[PDB]
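**Student:** Below: one structure in structure tokens.
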Amino acid sequence: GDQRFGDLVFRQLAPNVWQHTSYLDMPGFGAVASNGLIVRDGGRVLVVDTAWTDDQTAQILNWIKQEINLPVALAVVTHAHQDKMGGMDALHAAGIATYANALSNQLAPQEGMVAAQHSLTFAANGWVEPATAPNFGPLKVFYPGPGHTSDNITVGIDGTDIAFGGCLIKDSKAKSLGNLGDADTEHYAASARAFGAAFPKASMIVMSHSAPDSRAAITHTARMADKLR
Ligand SMILES: Cn1c(=O)cc(CP(=O)(O)O)c2ccccc21
Ligand SMILES: [Zn+2]
Ligand SMILES: [Zn+2]
């Protein structure tokens, strides 16, 4: 199932959906995997999250060229940390339109990230304002509230059973909530539950640092975040 392609790993999740995985040595944490998504929508490809680095992100584009061979119409990145935005320059060098939460773009320079070209804004209930996410096809973008970071966003794939929680959601056996350095600990639990309520039909939950899991990832993450209060 897993396909090793250079230093990256790709896994098909559905007929039109693949997970990309890249690794970065975290001095003190080992070589940390980070996952994003690749979605074919008709004659074009949509990407969720970069890899950790520009070189790795260029390799994602190389894999897309070889395995799908359709243009990448856009990428959306899910918060202003390196695992999700570290490869922005590679997307720009490739001519790909890029999108992030307005707050992620505001934070990008101080986080050492390059901002996306376009800013998403969100209604009070968390759903993306559609005018800011043109041509997103099956991607349904939802801001669940502050959690792993204040800017974290999530993405459902219409027509599939898949929703992507990024670094907000941990797997059903996870022992911790990971890096809380930029987290909102008071609101995390509610934000995790809001993600679940936004995508009630998603039976496959994809996340940044674990293999895809059932919805028990959501309940378990929320129950763990209850202890942060
Ligand atoms: C220590 N530290 C960080 O400062 C930031 C990240 C990326 P993120 O997962 O988006 O928070 C991180 C990831 C895994 C392990 C340690 C880490
Ligand atoms: Zn993060
Ligand atoms: Zn993470």
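Each chain in the structure tokens gets a letter, A, B and so on, in the order shown; residues start at 1 in every chain, and ligands are counted from 1 in the order they appear.
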Using 8 Å as the limit and counting only C-alpha atoms, can you tabulate each residue of segment 102-166 of chain A that touches segment 65-81 of chain A, with its shortest atom-to-atom distance in Å and the two atoms involved, as JSON lines?
**Tutor:**
{"residue": "A:104", "atom": "CA", "partner": "A:80", "partner_atom": "CA", "distance": 5.0}
{"residue": "A:105", "atom": "CA", "partner": "A:80", "partner_atom": "CA", "distance": 7.4}
{"residue": "A:107", "atom": "CA", "partner": "A:80", "partner_atom": "CA", "distance": 6.5}
{"residue": "A:108", "atom": "CA", "partner": "A:80", "partner_atom": "CA", "distance": 5.6}
{"residue": "A:111", "atom": "CA", "partner": "A:80", "partner_atom": "CA", "distance": 6.7}
{"residue": "A:113", "atom": "CA", "partner": "A:80", "partner_atom": "CA", "distance": 6.8}
{"residue": "A:136", "atom": "CA", "partner": "A:74", "partner_atom": "CA", "distance": 7.9}
{"residue": "A:149", "atom": "CA", "partner": "A:79", "partner_atom": "CA", "distance": 7.4}
{"residue": "A:151", "atom": "CA", "partner": "A:79", "partner_atom": "CA", "distance": 5.7}
{"residue": "A:152", "atom": "CA", "partner": "A:79", "partner_atom": "CA", "distance": 4.9}
{"residue": "A:153", "atom": "CA", "partner": "A:78", "partner_atom": "CA", "distance": 5.0}
{"residue": "A:154", "atom": "CA", "partner": "A:78", "partner_atom": "CA", "distance": 6.6}
{"residue": "A:166", "atom": "CA", "partner": "A:78", "partner_atom": "CA", "distance": 6.7}
**Student:** Show me, as a tab-separated table, the residues of chain A having an atom within 8 Å of ligand 1, each with the closest atom pair and its distance in Å, using only C-alpha atoms and all ligand atoms.
**Tutor:**
residue	atom	partner	partner_atom_place_in_ligand_line	distance
A:26	CA	ligand 1	16 (C)	6.3
A:29	CA	ligand 1	15 (C)	5.8
A:32	CA	ligand 1	14 (C)	5.9
A:34	CA	ligand 1	9 (O)	7.6
A:79	CA	ligand 1	10 (O)	7.6
A:80	CA	ligand 1	10 (O)	7.8
A:81	CA	ligand 1	10 (O)	4.9
A:82	CA	ligand 1	7 (C)	6.1
A:83	CA	ligand 1	10 (O)	5.5
A:84	CA	ligand 1	10 (O)	6.8
A:148	CA	ligand 1	11 (O)	7.3
A:167	CA	ligand 1	9 (O)	6.0
A:178	CA	ligand 1	15 (C)	6.8
A:179	CA	ligand 1	11 (O)	4.7
A:180	CA	ligand 1	11 (O)	7.0
A:181	CA	ligand 1	4 (O)	6.7
A:182	CA	ligand 1	11 (O)	7.6
A:208	CA	ligand 1	9 (O)	7.3
A:209	CA	ligand 1	9 (O)	7.4
**Student:** At a cut-off of 8 Å, can you tabulate as a tab-separated table every residue of segment 137-182 of chain A near segment 199-207 of chain A together with its closest atom pair and the distance in Å to one decimal, using only C-alpha atoms and ordering rows by chain then number?
**Tutor:**
residue	atom	partner	partner_atom	distance
A:156	CA	A:199	CA	6.7
A:160	CA	A:202	CA	7.6
A:161	CA	A:202	CA	4.4
A:162	CA	A:204	CA	4.8
A:163	CA	A:205	CA	5.2
A:164	CA	A:206	CA	4.6
A:165	CA	A:207	CA	5.1
A:166	CA	A:207	CA	4.6
A:167	CA	A:207	CA	6.2
A:168	CA	A:207	CA	7.7
A:169	CA	A:207	CA	6.0
A:170	CA	A:207	CA	6.7
A:171	CA	A:207	CA	7.8
**Student:** Could you turn the residues from that selection into a file that holds N, CA, C and O atoms, as an mmCIF file, in the first residue's frame?
**Tutor:**
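Wrote part.cif, looks like this:
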data_model
loop_
_atom_site.group_PDB
_atom_site.id
_atom_site.type_symbol
_atom_site.label_atom_id
_atom_site.label_comp_id
_atom_site.auth_asym_id
_atom_site.auth_seq_id
_atom_site.Cartn_x
_atom_site.Cartn_y
_atom_site.Cartn_z
ATOM 1 N N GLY A 156 -12.520 18.717 4.607
ATOM 2 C CA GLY A 156 -13.238 17.521 4.214
ATOM 3 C C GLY A 156 -13.195 17.364 2.705
ATOM 4 O O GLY A 156 -13.059 18.340 1.973
ATOM 5 N N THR A 160 -16.267 11.595 -0.648
ATOM 6 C CA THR A 160 -15.495 10.549 -0.004
ATOM 7 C C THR A 160 -15.902 10.497 1.459
ATOM 8 O O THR A 160 -16.651 11.343 1.952
ATOM 9 N N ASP A 161 -15.377 9.500 2.166
ATOM 10 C CA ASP A 161 -15.572 9.407 3.605
ATOM 11 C C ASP A 161 -14.414 10.009 4.399
ATOM 12 O O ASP A 161 -14.230 9.656 5.565
ATOM 13 N N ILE A 162 -13.650 10.921 3.800
ATOM 14 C CA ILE A 162 -12.384 11.391 4.357
ATOM 15 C C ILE A 162 -12.529 12.823 4.853
ATOM 16 O O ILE A 162 -13.055 13.690 4.143
ATOM 17 N N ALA A 163 -12.002 13.080 6.050
ATOM 18 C CA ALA A 163 -11.768 14.431 6.537
ATOM 19 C C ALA A 163 -10.379 14.510 7.157
ATOM 20 O O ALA A 163 -9.889 13.544 7.752
ATOM 21 N N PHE A 164 -9.751 15.676 7.003
ATOM 22 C CA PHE A 164 -8.365 15.911 7.387
ATOM 23 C C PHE A 164 -8.325 16.894 8.550
ATOM 24 O O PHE A 164 -8.736 18.058 8.411
ATOM 25 N N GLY A 165 -7.828 16.429 9.695
ATOM 26 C CA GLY A 165 -7.718 17.274 10.858
ATOM 27 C C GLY A 165 -6.381 17.944 11.053
ATOM 28 O O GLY A 165 -6.239 18.771 11.957
ATOM 29 N N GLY A 166 -5.389 17.619 10.228
ATOM 30 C CA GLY A 166 -4.085 18.247 10.381
ATOM 31 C C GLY A 166 -3.493 17.952 11.741
ATOM 32 O O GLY A 166 -3.592 16.836 12.262
ATOM 33 N N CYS A 167 -2.876 18.964 12.343
ATOM 34 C CA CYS A 167 -2.283 18.717 13.653
ATOM 35 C C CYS A 167 -3.264 18.857 14.808
ATOM 36 O O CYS A 167 -2.881 18.621 15.965
ATOM 37 N N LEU A 168 -4.520 19.190 14.528
ATOM 38 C CA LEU A 168 -5.515 19.256 15.591
ATOM 39 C C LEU A 168 -5.815 17.873 16.161
ATOM 40 O O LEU A 168 -5.987 17.719 17.380
ATOM 41 N N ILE A 169 -5.909 16.863 15.299
ATOM 42 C CA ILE A 169 -6.405 15.542 15.677
ATOM 43 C C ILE A 169 -5.236 14.571 15.803
ATOM 44 O O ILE A 169 -4.337 14.553 14.949
ATOM 45 N N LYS A 170 -5.243 13.781 16.878
ATOM 46 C CA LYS A 170 -4.314 12.683 17.095
ATOM 47 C C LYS A 170 -5.075 11.363 17.030
ATOM 48 O O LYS A 170 -6.301 11.322 17.165
ATOM 49 N N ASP A 171 -4.336 10.274 16.827
ATOM 50 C CA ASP A 171 -4.995 8.991 16.625
ATOM 51 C C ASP A 171 -5.602 8.474 17.932
ATOM 52 O O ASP A 171 -5.332 8.978 19.026
#
**Student:** Could you pull out the residues in segment 2-229 of chain A that DSSP calls alpha helix (DSSP H) from the backbone, as a PDB file with N, CA and C atoms, in the first residue's frame?
**Tutor:**
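See part08.pdb below for the written result:
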ATOM      1  N   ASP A  54      11.179  22.690   0.992  1.00  0.00           N
ATOM      2  CA  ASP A  54      11.005  22.957  -0.432  1.00  0.00           C
ATOM      3  C   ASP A  54      11.397  21.749  -1.274  1.00  0.00           C
ATOM      4  N   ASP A  55      12.560  21.146  -0.988  1.00  0.00           N
ATOM      5  CA  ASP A  55      13.000  20.004  -1.788  1.00  0.00           C
ATOM      6  C   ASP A  55      12.004  18.850  -1.707  1.00  0.00           C
ATOM      7  N   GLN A  56      11.496  18.560  -0.509  1.00  0.00           N
ATOM      8  CA  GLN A  56      10.514  17.488  -0.380  1.00  0.00           C
ATOM      9  C   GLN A  56       9.232  17.831  -1.119  1.00  0.00           C
ATOM     10  N   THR A  57       8.837  19.104  -1.085  1.00  0.00           N
ATOM     11  CA  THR A  57       7.601  19.512  -1.734  1.00  0.00           C
ATOM     12  C   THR A  57       7.736  19.424  -3.248  1.00  0.00           C
ATOM     13  N   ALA A  58       8.910  19.782  -3.782  1.00  0.00           N
ATOM     14  CA  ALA A  58       9.171  19.552  -5.198  1.00  0.00           C
ATOM     15  C   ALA A  58       9.063  18.068  -5.538  1.00  0.00           C
ATOM     16  N   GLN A  59       9.475  17.195  -4.614  1.00  0.00           N
ATOM     17  CA  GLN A  59       9.341  15.759  -4.844  1.00  0.00           C
ATOM     18  C   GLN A  59       7.879  15.315  -4.866  1.00  0.00           C
ATOM     19  N   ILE A  60       7.023  15.920  -4.035  1.00  0.00           N
ATOM     20  CA  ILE A  60       5.588  15.653  -4.145  1.00  0.00           C
ATOM     21  C   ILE A  60       5.101  15.987  -5.547  1.00  0.00           C
ATOM     22  N   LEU A  61       5.514  17.147  -6.063  1.00  0.00           N
ATOM     23  CA  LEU A  61       5.080  17.542  -7.400  1.00  0.00           C
ATOM     24  C   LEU A  61       5.607  16.575  -8.455  1.00  0.00           C
ATOM     25  N   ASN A  62       6.829  16.065  -8.263  1.00  0.00           N
ATOM     26  CA  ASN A  62       7.387  15.067  -9.171  1.00  0.00           C
ATOM     27  C   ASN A  62       6.574  13.778  -9.135  1.00  0.00           C
ATOM     28  N   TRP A  63       6.181  13.335  -7.938  1.00  0.00           N
ATOM     29  CA  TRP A  63       5.350  12.141  -7.825  1.00  0.00           C
ATOM     30  C   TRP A  63       4.013  12.351  -8.521  1.00  0.00           C
ATOM     31  N   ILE A  64       3.409  13.528  -8.342  1.00  0.00           N
ATOM     32  CA  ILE A  64       2.147  13.830  -9.017  1.00  0.00           C
ATOM     33  C   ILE A  64       2.317  13.761 -10.530  1.00  0.00           C
ATOM     34  N   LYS A  65       3.402  14.344 -11.048  1.00  0.00           N
ATOM     35  CA  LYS A  65       3.654  14.308 -12.485  1.00  0.00           C
ATOM     36  C   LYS A  65       3.738  12.873 -12.990  1.00  0.00           C
ATOM     37  N   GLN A  66       4.451  12.015 -12.262  1.00  0.00           N
ATOM     38  CA  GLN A  66       4.659  10.647 -12.714  1.00  0.00           C
ATOM     39  C   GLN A  66       3.421   9.778 -12.532  1.00  0.00           C
ATOM     40  N   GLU A  67       2.698   9.941 -11.425  1.00  0.00           N
ATOM     41  CA  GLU A  67       1.618   9.022 -11.101  1.00  0.00           C
ATOM     42  C   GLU A  67       0.244   9.512 -11.534  1.00  0.00           C
ATOM     43  N   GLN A  82       6.170  24.513  10.129  1.00  0.00           N
ATOM     44  CA  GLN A  82       7.009  24.041   9.029  1.00  0.00           C
ATOM     45  C   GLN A  82       6.462  22.781   8.371  1.00  0.00           C
ATOM     46  N   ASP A  83       5.871  21.868   9.157  1.00  0.00           N
ATOM     47  CA  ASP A  83       5.358  20.630   8.571  1.00  0.00           C
ATOM     48  C   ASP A  83       4.260  20.881   7.541  1.00  0.00           C
ATOM     49  N   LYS A  84       3.545  22.004   7.647  1.00  0.00           N
ATOM     50  CA  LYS A  84       2.413  22.306   6.779  1.00  0.00           C
ATOM     51  C   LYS A  84       2.713  23.364   5.725  1.00  0.00           C
ATOM     52  N   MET A  85       3.655  24.278   5.988  1.00  0.00           N
ATOM     53  CA  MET A  85       3.934  25.389   5.085  1.00  0.00           C
ATOM     54  C   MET A  85       5.391  25.486   4.662  1.00  0.00           C
ATOM     55  N   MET A  88       6.368  26.149   0.826  1.00  0.00           N
ATOM     56  CA  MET A  88       5.618  27.123   0.039  1.00  0.00           C
ATOM     57  C   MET A  88       6.395  27.593  -1.191  1.00  0.00           C
ATOM     58  N   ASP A  89       7.698  27.865  -1.037  1.00  0.00           N
ATOM     59  CA  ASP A  89       8.476  28.369  -2.171  1.00  0.00           C
ATOM     60  C   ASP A  89       8.465  27.385  -3.338  1.00  0.00           C
ATOM     61  N   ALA A  90       8.476  26.078  -3.051  1.00  0.00           N
ATOM     62  CA  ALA A  90       8.431  25.092  -4.129  1.00  0.00           C
ATOM     63  C   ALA A  90       7.113  25.155  -4.891  1.00  0.00           C
ATOM     64  N   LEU A  91       5.999  25.363  -4.182  1.00  0.00           N
ATOM     65  CA  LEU A  91       4.720  25.522  -4.867  1.00  0.00           C
ATOM     66  C   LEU A  91       4.725  26.771  -5.734  1.00  0.00           C
ATOM     67  N   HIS A  92       5.285  27.865  -5.217  1.00  0.00           N
ATOM     68  CA  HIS A  92       5.332  29.100  -5.988  1.00  0.00           C
ATOM     69  C   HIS A  92       6.245  28.969  -7.193  1.00  0.00           C
ATOM     70  N   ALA A  93       7.398  28.318  -7.022  1.00  0.00           N
ATOM     71  CA  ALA A  93       8.291  28.107  -8.155  1.00  0.00           C
ATOM     72  C   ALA A  93       7.611  27.299  -9.250  1.00  0.00           C
ATOM     73  N   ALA A 102      -6.142  33.482   6.541  1.00  0.00           N
ATOM     74  CA  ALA A 102      -5.561  34.818   6.663  1.00  0.00           C
ATOM     75  C   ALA A 102      -4.611  34.909   7.849  1.00  0.00           C
ATOM     76  N   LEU A 103      -4.997  34.324   8.985  1.00  0.00           N
ATOM     77  CA  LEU A 103      -4.141  34.387  10.164  1.00  0.00           C
ATOM     78  C   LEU A 103      -2.834  33.626   9.948  1.00  0.00           C
ATOM     79  N   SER A 104      -2.880  32.485   9.245  1.00  0.00           N
ATOM     80  CA  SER A 104      -1.644  31.779   8.907  1.00  0.00           C
ATOM     81  C   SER A 104      -0.720  32.656   8.074  1.00  0.00           C
ATOM     82  N   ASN A 105      -1.280  33.387   7.102  1.00  0.00           N
ATOM     83  CA  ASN A 105      -0.446  34.256   6.278  1.00  0.00           C
ATOM     84  C   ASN A 105       0.134  35.397   7.096  1.00  0.00           C
ATOM     85  N   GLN A 106      -0.646  35.934   8.036  1.00  0.00           N
ATOM     86  CA  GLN A 106      -0.131  36.984   8.908  1.00  0.00           C
ATOM     87  C   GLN A 106       1.018  36.475   9.772  1.00  0.00           C
ATOM     88  N   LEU A 107       0.888  35.255  10.294  1.00  0.00           N
ATOM     89  CA  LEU A 107       1.891  34.665  11.172  1.00  0.00           C
ATOM     90  C   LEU A 107       3.108  34.137  10.428  1.00  0.00           C
ATOM     91  N   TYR A 188      -9.138  23.783  23.030  1.00  0.00           N
ATOM     92  CA  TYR A 188      -8.779  22.634  22.204  1.00  0.00           C
ATOM     93  C   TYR A 188      -9.900  21.602  22.120  1.00  0.00           C
ATOM     94  N   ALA A 189     -10.453  21.193  23.267  1.00  0.00           N
ATOM     95  CA  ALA A 189     -11.443  20.118  23.259  1.00  0.00           C
ATOM     96  C   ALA A 189     -12.648  20.482  22.401  1.00  0.00           C
ATOM     97  N   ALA A 190     -13.177  21.693  22.586  1.00  0.00           N
ATOM     98  CA  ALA A 190     -14.328  22.127  21.805  1.00  0.00           C
ATOM     99  C   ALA A 190     -13.988  22.203  20.324  1.00  0.00           C
ATOM    100  N   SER A 191     -12.765  22.628  19.998  1.00  0.00           N
ATOM    101  CA  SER A 191     -12.369  22.717  18.598  1.00  0.00           C
ATOM    102  C   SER A 191     -12.275  21.337  17.958  1.00  0.00           C
ATOM    103  N   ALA A 192     -11.729  20.353  18.680  1.00  0.00           N
ATOM    104  CA  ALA A 192     -11.723  18.986  18.170  1.00  0.00           C
ATOM    105  C   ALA A 192     -13.140  18.480  17.905  1.00  0.00           C
ATOM    106  N   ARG A 193     -14.069  18.717  18.842  1.00  0.00           N
ATOM    107  CA  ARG A 193     -15.444  18.262  18.650  1.00  0.00           C
ATOM    108  C   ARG A 193     -16.132  19.008  17.516  1.00  0.00           C
ATOM    109  N   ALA A 194     -15.813  20.293  17.336  1.00  0.00           N
ATOM    110  CA  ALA A 194     -16.397  21.047  16.233  1.00  0.00           C
ATOM    111  C   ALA A 194     -15.960  20.487  14.886  1.00  0.00           C
ATOM    112  N   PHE A 195     -14.694  20.064  14.778  1.00  0.00           N
ATOM    113  CA  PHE A 195     -14.235  19.383  13.571  1.00  0.00           C
ATOM    114  C   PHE A 195     -15.087  18.151  13.281  1.00  0.00           C
ATOM    115  N   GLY A 196     -15.326  17.318  14.299  1.00  0.00           N
ATOM    116  CA  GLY A 196     -16.158  16.140  14.093  1.00  0.00           C
ATOM    117  C   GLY A 196     -17.570  16.478  13.655  1.00  0.00           C
ATOM    118  N   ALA A 197     -18.154  17.524  14.247  1.00  0.00           N
ATOM    119  CA  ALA A 197     -19.523  17.903  13.915  1.00  0.00           C
ATOM    120  C   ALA A 197     -19.623  18.515  12.525  1.00  0.00           C
ATOM    121  N   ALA A 198     -18.539  19.127  12.037  1.00  0.00           N
ATOM    122  CA  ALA A 198     -18.547  19.720  10.704  1.00  0.00           C
ATOM    123  C   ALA A 198     -18.543  18.656   9.616  1.00  0.00           C
ATOM    124  N   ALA A 216     -12.876   7.467  16.248  1.00  0.00           N
ATOM    125  CA  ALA A 216     -12.338   7.404  17.600  1.00  0.00           C
ATOM    126  C   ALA A 216     -11.138   8.325  17.776  1.00  0.00           C
ATOM    127  N   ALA A 217     -10.442   8.675  16.692  1.00  0.00           N
ATOM    128  CA  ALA A 217      -9.398   9.684  16.809  1.00  0.00           C
ATOM    129  C   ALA A 217      -9.966  11.003  17.320  1.00  0.00           C
ATOM    130  N   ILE A 218     -11.173  11.361  16.870  1.00  0.00           N
ATOM    131  CA  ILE A 218     -11.770  12.632  17.268  1.00  0.00           C
ATOM    132  C   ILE A 218     -12.205  12.577  18.722  1.00  0.00           C
ATOM    133  N   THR A 219     -12.960  11.535  19.091  1.00  0.00           N
ATOM    134  CA  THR A 219     -13.419  11.425  20.470  1.00  0.00           C
ATOM    135  C   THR A 219     -12.242  11.318  21.429  1.00  0.00           C
ATOM    136  N   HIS A 220     -11.215  10.546  21.059  1.00  0.00           N
ATOM    137  CA  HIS A 220     -10.057  10.390  21.936  1.00  0.00           C
ATOM    138  C   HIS A 220      -9.276  11.690  22.070  1.00  0.00           C
ATOM    139  N   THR A 221      -9.076  12.404  20.961  1.00  0.00           N
ATOM    140  CA  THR A 221      -8.379  13.684  21.031  1.00  0.00           C
ATOM    141  C   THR A 221      -9.137  14.665  21.914  1.00  0.00           C
ATOM    142  N   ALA A 222     -10.458  14.742  21.733  1.00  0.00           N
ATOM    143  CA  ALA A 222     -11.268  15.659  22.528  1.00  0.00           C
ATOM    144  C   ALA A 222     -11.219  15.285  24.000  1.00  0.00           C
ATOM    145  N   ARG A 223     -11.288  13.986  24.302  1.00  0.00           N
ATOM    146  CA  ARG A 223     -11.268  13.550  25.693  1.00  0.00           C
ATOM    147  C   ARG A 223      -9.925  13.856  26.349  1.00  0.00           C
ATOM    148  N   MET A 224      -8.830  13.719  25.591  1.00  0.00           N
ATOM    149  CA  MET A 224      -7.508  14.103  26.083  1.00  0.00           C
ATOM    150  C   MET A 224      -7.433  15.603  26.333  1.00  0.00           C
ATOM    151  N   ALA A 225      -7.947  16.401  25.396  1.00  0.00           N
ATOM    152  CA  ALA A 225      -7.932  17.850  25.549  1.00  0.00           C
ATOM    153  C   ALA A 225      -8.817  18.321  26.697  1.00  0.00           C
ATOM    154  N   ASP A 226      -9.817  17.526  27.092  1.00  0.00           N
ATOM    155  CA  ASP A 226     -10.590  17.852  28.284  1.00  0.00           C
ATOM    156  C   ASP A 226      -9.683  18.017  29.499  1.00  0.00           C
TER     157      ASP A 226
END
**Student:** Work out how far apart atom CA of residue 114 of chain A and atom CA of residue 86 of chain A are and give it in Å to one decimal.
**Tutor:**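 These two atoms are separated by 7.6 Å.
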**Student:** Got a sec: who's within 12 Å of residue 2 of chain A, counting only C-alpha atoms, leaving out chain neighbours fewer than 6 positions off, as a ChimeraX atom specification?
**Tutor:** /A:8-13,18-21,211
**Student:** Could you check which of A:44, A:117, A:101, A:15 is closest to residue 129 of chain A, using only C-alpha atoms?
**Tutor:**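 The answer is A:101, which sits nearest to residue 129 of chain A.
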**Student:** A:119, A:125, A:210, A:16: which is nearest residue 43 of chain A, counting only C-alpha atoms?
**Tutor:** A:16
**Student:** Let me make sure I understand: among A:214, A:172, A:98, A:35, which one has the smallest atom-to-atom distance to ligand 2 if we use only C-alpha atoms and all ligand atoms?
**Tutor:**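 Selected residue with least distance to ligand 2: A:35.
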**Student:** At what distance in Å, to one decimal, does atom CA of residue 95 of chain A lie from atom CA of residue 4 of chain A?
**Tutor:** 25.6 Å
**Student:** Mind listing the strand (DSSP E) residues of segment 43-186 of chain A, per DSSP on the backbone, as number ranges by chain?
**Tutor:** A: 44-48, 72-77, 97-101, 118-120, 139-142, 154-157, 162-164
